[PDB]
Amino acid sequence: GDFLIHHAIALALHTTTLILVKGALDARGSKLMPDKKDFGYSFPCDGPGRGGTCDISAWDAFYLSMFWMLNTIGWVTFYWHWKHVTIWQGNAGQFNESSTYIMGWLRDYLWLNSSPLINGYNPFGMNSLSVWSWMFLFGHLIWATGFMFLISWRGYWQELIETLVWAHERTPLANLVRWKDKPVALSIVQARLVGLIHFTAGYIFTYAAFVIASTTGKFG
Amino acid sequence: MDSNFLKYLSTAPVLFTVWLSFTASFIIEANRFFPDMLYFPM
Amino acid sequence: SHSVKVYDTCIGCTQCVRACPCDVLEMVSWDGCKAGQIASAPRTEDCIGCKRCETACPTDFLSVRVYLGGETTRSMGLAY
Amino acid sequence: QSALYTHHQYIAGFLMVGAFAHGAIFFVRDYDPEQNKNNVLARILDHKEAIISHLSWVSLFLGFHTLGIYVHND
Amino acid sequence: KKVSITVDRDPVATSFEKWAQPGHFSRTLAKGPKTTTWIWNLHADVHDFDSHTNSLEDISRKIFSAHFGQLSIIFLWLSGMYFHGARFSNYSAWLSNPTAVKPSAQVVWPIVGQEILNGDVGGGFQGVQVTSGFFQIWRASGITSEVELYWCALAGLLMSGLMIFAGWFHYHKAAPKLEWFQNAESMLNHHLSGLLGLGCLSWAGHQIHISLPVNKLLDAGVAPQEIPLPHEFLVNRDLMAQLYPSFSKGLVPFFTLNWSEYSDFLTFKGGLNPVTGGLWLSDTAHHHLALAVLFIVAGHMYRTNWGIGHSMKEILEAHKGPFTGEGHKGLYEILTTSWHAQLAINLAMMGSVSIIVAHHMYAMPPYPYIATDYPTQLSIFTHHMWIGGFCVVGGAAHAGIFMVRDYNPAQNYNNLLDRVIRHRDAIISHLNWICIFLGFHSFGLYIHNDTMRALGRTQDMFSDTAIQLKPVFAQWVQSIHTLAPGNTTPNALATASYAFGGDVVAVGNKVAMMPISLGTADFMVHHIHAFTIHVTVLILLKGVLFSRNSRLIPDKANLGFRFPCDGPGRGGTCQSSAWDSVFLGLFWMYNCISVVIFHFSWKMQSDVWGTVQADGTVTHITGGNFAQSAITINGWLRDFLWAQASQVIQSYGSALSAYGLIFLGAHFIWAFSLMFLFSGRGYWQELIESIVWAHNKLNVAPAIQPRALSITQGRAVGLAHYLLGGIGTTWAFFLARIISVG
Amino acid sequence: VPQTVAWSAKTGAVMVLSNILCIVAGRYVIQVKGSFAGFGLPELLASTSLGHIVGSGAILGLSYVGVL
Amino acid sequence: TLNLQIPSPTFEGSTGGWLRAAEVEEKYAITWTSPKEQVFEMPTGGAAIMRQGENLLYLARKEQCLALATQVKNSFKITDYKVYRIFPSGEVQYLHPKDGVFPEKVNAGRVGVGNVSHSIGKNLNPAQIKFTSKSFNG
Ligand code: CLA
Ligand code: CLA
Ligand code: CLA
Ligand code: CLA
Ligand code: CLA
Ligand SMILES: CC1=CCCC(C)(C)[C@H]1/C=C/C(C)=C/C=C/C(C)=C/C=C/C=C(C)/C=C/C=C(C)/C=C/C1=C(C)CCCC1(C)C
Ligand code: SF4
Ligand code: SF4
Ligand code: SF4
């Protein structure tokens, strides 16, 4: 199991390095965009022409590699925590027998150790783990909210905001109040960044709540 | 046999499906007659 | 506003001018190509940045280039 | 122990991503090719296709066979 | 006459030449590939007939023959289910002991240890347990032997051959003209009176003459081998009159309107059969007969060659008022000229009907021994819910396609379509506000309850032991429907369903149906459903109404139904097409149907399904935890997701291990989808440039130049793998859980 | 079960009256076809089909309510 | 010169028309002449009937006016259209076609704006022009 998880770690490190190195070395230009250095480090795209140029900047390679970095630290910390939890319990053979297939990771590490965390509050009462029980769900929420900025893109939201602008301008007792800045949808790069921020915060808070509450429930 | 039907049979999806099914049938029959080969016997 | 440049690889096919939804580009007289004309961008304050002109350009890497810059009411395409 | 290990490893991932990101920013903003003629940096740029293709190969190699062993065991 | 048969003979020669020319249908594609994008384009526009030609006649002929091909595939599928029931099933043993034999009609070959999937299903049989409900259908139809199933399979195969021959004949040999297809009145008359009416009448004939006596003998305890064959019920009127004495009177009471004489086999009993837990088959026979009469009557409404009948154009143009301008004028031309408008309406209607089927089939179980077959109930509810959601979103998609392509403003001046377009901003703004209101005052109740239970304030929650949100209207409707027998339906013996209230119908110590009470949690989850449906409507309707133009893009119709963007300008115009609205609405449909089926699964396992023991108490599967746990997100996470996934994750080494494998694989495909959804094309094209350099170094670069997937194809591939992964995860989880505990 | 009656002369009278009422009504309200000029077989079939529909409904209703 | 008294196409109105920024920041006008009364699609959504003779119409954006111009050019063979910009002060600025000749046709007197005298691959590196007001074009 240790063999397999280090080779998975090797996969994740090499792939994150692939994204980051490919972003750094194609930052000045590629065959699809030979004048990329004229456009800077961060820009949304170069338009739908030449086949389409979504996420072509080096900033976008940073953005793509952030998910792979979260994935590799997730794998590393999962391995560390499961091995140490099985060793501290005096049940290292559980890790030795269950880590060689993915269902062992899902059942004997994620599902099994979630029980004191998800029982921090229940319809019968609450205890000190409840805050982590909250934060866990909190993480599962904000991570999902990140998905909204990474799947849905700008023009839909701009047309909705145009309808809302019409609604506010045509509503009595509210058109007495006027914005100073025109409401617009978030830009393409900004939305990529905001989805990344919600995604990353959900990742960190979910795993932190899980690791602290699970170790506290089993041992403390 | 009609040459146009043979040319259709030579298309990439048909030949892909036939070749991968043929390969799968080799693996299946090899594992049917020689199962549980975790290792090369030496 | 956005900045639109036309480089001397232009062949004067007038496709970028026909593709422009905002009347930013126009054809002026030139001697550098067989068509005798080159694109120009005198009205980039009306440029929304859609890059339809770059999509229309047939020269290997583009002769017309749009560099997105400072956003205004016109360049953001705001009807409000 | 769990919190400390997890904390500093996530900090490590953030720092390494930042190192490569600001290296990309250096290539966009600060890299002068004429000042770096036949340099080690210039030769990285001159065999970037080999570097990226061999990284792609080793990633696909590792992923194909590691995921295959895990799914095989499952 | 005006409605006549006009046909062209041999319009298209039957030849294999175009089989060897991929992309022949499209002038753009017929030149051949130069990049790999062509390949994707070849599979992407192929059945998009209106984009290959402008002739409506050729499009209609292609549509008619493709529909014949689909009917052939459906008949082959049905014949397969009948054959696999005949040869590879435990159906006879299930007929002898329905309450103790798990239905199974799939047997695997032993190759790599997959023979473990041939589980011990009872009846001396090993196989994969099936949940499609075919065993109950065949028992309801009176099929008592596997020989009859073999004959049914042969009939399905023969009908498949007939359909595929009809497709070839009606495209390649005798293709109807456009004037034949443009008879909406004649098509509606024939399909209402002949397809639905005569179909209901003939199935009522089968139910009365075959299904009722065989099922009456089966419920009385007669072995299936000693039951007389159906033709013996046809010819021996004395044998038929032994079970239903009114058959001694013959057809005289029908023709003399002395219909009450038939009251012993045409009933209005309601409720459920206590022996089987299904609907009374006499009630279904009167139901299908009454539906046959109503459909045949409805099929004489529309004008045809003879002078009698309604003209639908006149009906539409007469209905117009002061709020609506020209009213319904111009809609007949749209619906007789645009195939996409008809597909939009019919897909929306078929989806809504599938959803109605799921609700009405769980609540009033129509087949014998299907109510206590909990895996079958959960499977068919979830399946028809998913089919309904997909078809409704498809109706929105093909509405958007009509709006972009076939809409003509000259023929649509100041009618309802024009006025809807002209107040689209008011519509979408009010819908946006009501969606935000529904989201706040439905999901924030769950968030508020999570915080209150986490903060140790149980008296501040929204619950039945706390500040209450009583679903008083639905409870009142339940009281009305419970009080209905003898009061507002005086000739019904029992309620339409026991879910509204009444006794606990139990079959074989398992609850067939019991009252489904509604509390605070039911209030919150029904308003969650209302929120999700209104948001899906918001996305799809905004995409349809802004498909042609908007304040952002004034010439959106020139770009088409399906385009990635109009560039980074105007701030960014990404995902601006109606297709991208369908792309987002499919995600929101997934969210809605997922919450609906989770509500169904938890509520049935917690409050309805269970075992009946001494003193009449019902021990439910999860012991009534829904009332106090489904008011928080933590309760859904722990008591539904964490608790009920124990069966799929501990399935390894058992017959249900395929569900664990599919569970893991569907999580994998779902995660794999996020690579396509979160990323963009330019990165992959530059990475492909480096890989092309690697292949070029070894002189193995392909002639067909590899390209990254298009932006629209990236979205479509991400959405397809996302839907497959999520639906497969719920599929494996539901099936493993309900097979183990039910 | 609602009471229905065996066939009698009253049932025939109601059916005949409903058929004749529907024949006259079809003469008056049918838009596309001395008062019985233009009267064709499809119009007679439609009127008599409505006459059996209306007569069946009336006979069943009058047997329900006790008029028989 | 924009004649404000030119009659408008018969339109029933819509919610897609111009907002307060038209009367506060700027508005656009398009005029054209039709040989007959005929139905066209509004760029803001809806069908309107243009009259025989002159037509004046008001929009919020220049792109809406040019979209309407392209529609009437490619569907009704109307090419005499004129697009103006109107300010709240009453100033009318003629916009399109700017010199009377359409921009896709070469006209005398036009001077090239934004033309660069080399190919796009000859631009300067950002490190060359950093902390310096030189343009990247050279
Ligand atoms: C009473 C006459 C009648 C009947 C039964 C049907 C039935 C049907 N039509 Mg239809 N049609 C009719 C008249 C009729 N039509 C007329 C007059 C027109 C011209 C205006 C059309 C024009 C038309 C079009 C344009 C299309 C249809 C389609 C369909 C099919 C709908 C899909 C479905 O539910 O199939 C499942 C239902 C079944 C009953 C499956 C069995 C199919 C066979 C053909 C039934 C034949 C029954 C036969 C008459 C009696 C034998 C039964 C028994 C006595 C042995 C269905 C088979 C659609 C289709 O799918 O075409 C292929 C379609 O696109 N029809
Ligand atoms: C001599 C004339 C005569 C008489 C006395 C009757 C008498 C009767 N008929 Mg009858 N009928 C007649 C002529 C007559 N009919 C004719 C000429 C026809 C045409 C063929 C019918 C067709 C007919 C049908 C089809 C039925 C009756 C029924 C009945 C019984 C009704 C019981 C009741 O309270 O209704 C019930 C009262 C209700 C309020 C129930 C509501 C019904 C549905 C569920 C509601 C549908 C409405 C829907 C919501 C749409 C409204 C929304 C709107 C805003 C758009 C009653 C004894 C019924 C019967 O026999 O039941 C045993 C029955 O089903 N009749
Ligand atoms: C579980 C999810 C998942 C998976 C499997 C992958 C897989 C991959 N990503 Mg990826 N990615 C993901 C999520 C995922 N990603 C997400 C969420 C993001 C953030 C947006 C990214 C961002 C990303 C970037 C930015 C890059 C990758 C790269 C890669 C590839 C190299 C790594 C590897 O293991 O190669 C091995 C490949 C695999 C394990 C893929 C699975 C192959 C299957 C199992 C083979 C069997 C196919 C099967 C028979 C088909 C049957 C279908 C038929 C029945 C219909 C590989 C295709 C890099 C790349 O292209 O490297 C070359 C790269 O540059 N990805
Ligand atoms: C009655 C059903 C029906 C019919 C006849 C059509 C017909 C059409 N649609 Mg429509 N549609 C429908 C339902 C229907 N649709 C539904 C329910 C949806 C919602 C999902 C849509 C969404 C939709 C969109 C969004 C679009 C269409 C388009 C089209 C047109 C071309 C389709 C084409 O060439 O695809 C060719 C066929 C394929 C590419 C095969 C698709 C294979 C799918 C994606 C994967 C199947 C996975 C499988 C089920 C499970 C695999 C699992 C396994 C691997 C483990 C055509 C007019 C397109 C168009 O251009 O119209 C003008 C278009 O853009 N439709
Ligand atoms: C869990 C993830 C998540 C969440 C919360 C949302 C939230 C929302 N989406 Mg969204 N979306 C998501 C994932 C998510 N999305 C994904 C993955 C996709 C990909 C396809 C989309 C695609 C999508 C589309 C296409 C549309 C939406 C729409 C909406 C809005 C619906 C209106 C509503 O419910 O208002 C109520 C708001 C909420 C329920 C958000 C949570 C707020 C709760 C109640 C707590 C509030 C507490 C308070 C603010 C605390 C203040 C503290 C202070 C310090 C700030 C809302 C902003 C629609 C929209 O905007 O129009 C209405 C719309 O058209 N989304
Ligand atoms: C892209 C970007 C553009 C330009 C700027 C840029 C920032 C420069 C660049 C990014 C570059 C990027 C950021 C590069 C990031 C790079 C990585 C993280 C460097 C890691 C180096 C490991 C070294 C060789 C120590 C190895 C241990 C070995 C020697 C030990 C042996 C032995 C020890 C003594 C002891 C015992 C064990 C054994 C094994 C026996
Ligand atoms: S979809 Fe968005 S990111 Fe992609 S090319 Fe179009 S505008 Fe640029
Ligand atoms: S980006 Fe668009 S508006 Fe700007 S010049 Fe090019 S085509 Fe015209
Ligand atoms: S499209 Fe390109 S080549 Fe043609 S005129 Fe414009 S800039 Fe010159």
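In what follows, chains are A, B, ... by sequence order, proteins preceding strands, each numbered from 1. Just follow the structure's listing: the first ligand is 1, and inside any ligand the first atom is 1.
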**Q** For the residue pair E/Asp50 and E/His340, confirm or rule out a side-chain donor-acceptor distance under 3.5 Å.
**A**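 Looking only at side-chain atoms, E/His340 and E/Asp50 do form a donor-acceptor pair, the distance falling under 3.5 Å.
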**Q** Are A/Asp55 and A/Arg192 ion-paired here, with the side-chain N under 4.0 Å from a carboxylate O?
**A** yes
**Q** At a 4.0 Å cut-off, with the gap strictly under it, does some heavy atom of E/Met163 reach an atom of ligand 1?
**A**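 Checking ligand 1 against E/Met163, which is what was asked, there is a heavy-atom contact under 4.0 Å.
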**Q** Select all protein residues for which some heavy-atom-to-ligand 9 distance is less than 4.0 Å, and list them by chain and number.
**A**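 Correct list: C/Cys10, C/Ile11, C/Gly12, C/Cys13, C/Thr14, C/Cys16, C/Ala39, C/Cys57, C/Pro58, C/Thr59, C/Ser63, C/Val64.
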**Q** Do ligand 1 and E/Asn183 have nitrogen or oxygen atoms that lie under 3.5 Å from each other?
**A** no
**Q** Counting C-beta onward and ignoring hydrogens, is there a side-chain heavy-atom pair between A/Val184 and C/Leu78 closer than 4.5 Å?
**A** yes
**Q** May I ask you to establish whether E/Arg715 and E/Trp579 are in a cation-pi arrangement, using a distance under 6.0 Å from NZ or CZ to the six-membered ring centre and at most 45° from the ring axis?
**A** no
**Q** Within the 4.5 Å heavy-atom criterion, are E/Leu552 and E/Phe546 side-chain neighbours or not?
**A** no
**Q** Protein heavy atom under 4.0 angstrom of atom 27 (C) of ligand 1, is there one?
**A** yes
**Q** Is the closest side-chain donor-acceptor distance between E/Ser72 and E/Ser160 under 3.5 Å?
**A**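 Yes, because at least one side-chain N or O of E/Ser72 sits under 3.5 Å from a partner of the opposite role on E/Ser160.
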**Q** Please report the C-alpha distance between C/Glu26 and C/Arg43 in whole Å, then the side-chain angles of each, then the deciding distance to 0.1 Å, and finally whether the salt bridge (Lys or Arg N to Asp or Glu O under 4.0 Å) criterion is met.
**A** CA-CA 9 Å; C/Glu26 73 195 1; C/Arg43 293 179 281 277; 2.9 Å; yes
**Q** Would you kindly specify which portion of E/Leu162 sits under 4.0 Å from ligand 1, judged on non-hydrogen atoms: side chain, backbone, both or neither?
**A** neither
**Q** What protein N/O/S atoms sit under 2.8 Å from atom 8 (Fe) of ligand 7, by chain and number?
**A**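 The answer is A/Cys45 SG.
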**Q** Using side-chain heavy atoms (C-beta onward) and a distance below 4.5 Å, is E/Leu677 in contact with E/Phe587?
**A**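 SC-SC contact between E/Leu677 and E/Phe587 confirmed.
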**Q** Judged on heavy-atom distance to atom 36 (C) of ligand 1, which of E/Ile63, E/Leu71, E/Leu188 sits nearest?
**A** E/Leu71
**Q** Is there a protein heavy atom less than 4.0 Å away from atom 51 (C) of ligand 1?
**A**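 No, there is none.
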**Q** Do the non-hydrogen side-chain atoms of E/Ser550 and E/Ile553 ever get within less than 4.5 Å of each other?
**A**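 Yes, at least one pair of side-chain atoms sits under 4.5 Å.
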**Q** Going by the closest heavy atom to atom 2 (C) of ligand 1, which one wins out of E/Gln70, E/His190, E/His191, E/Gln342?
**A** E/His190
**Q** So, E/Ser186 and E/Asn189: side-chain donor and acceptor under 3.5 Å apart, yes or no?
**A**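 Side-chain D/A pair, E/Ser186 to E/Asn189: absent.
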**Q** Measuring from atom 31 (C) of ligand 1, which candidate in E/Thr304, E/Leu195, E/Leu196 has the nearest non-hydrogen atom?
**A** E/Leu195
**Q** Do side-chain atoms of C/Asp46 reach the backbone of C/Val24 as a donor and acceptor pair under 3.5 angstrom?
**A** no
